[PDB]
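Residue numbers (the entry's author numbering): 652 to 704.
Note that the Cβ used here is the ideal one computed from N, Cα and C, for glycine as well.
Taking it in order: structure first as structure tokens, then the write-up.
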Amino acid sequence: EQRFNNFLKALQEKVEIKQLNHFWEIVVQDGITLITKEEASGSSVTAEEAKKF
Numbered sequence: 652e653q654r655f656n657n658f659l660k661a662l663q664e665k666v667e668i669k670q671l672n673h674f675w676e677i678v679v680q681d682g683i684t685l686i687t688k689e690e691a692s693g694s695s696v697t698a699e700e701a702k703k704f
């Protein structure tokens, strides 16, 4: 859970800089579901609320 969670955070941060003809804007509007890492609690929910927007 935690290793893939921080990996997901790293890769979503990385994809959040490629400004192309199509990019993570679709992933932005994909915020209808879990788009931020969550391991058990604590830093998980805090990072979720921080990266919700």
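Practice item. Determine the contact status of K688 and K660, defining contact as a CB-CB distance below 8 Å. Key: yes
Point to revise | Cα-Cα separation between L685 and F674, rounded to whole angstroms | key: 18 Å
Review point. Roughly how many angstroms separate the alpha carbons of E676 and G693, rounded to a whole number?
Key: 27 Å
Review point. In angstroms, rounded to a whole number, what distance separates the CA positions of residue 705 and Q663?
Key: With the chain represented from 652 up to 704, any question about residue 705 goes unanswered, as that position is not in the structure.
Review point. Looking only at C-alpha atoms, which of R654, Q653, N657, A701 sits nearest to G682?
Key: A701
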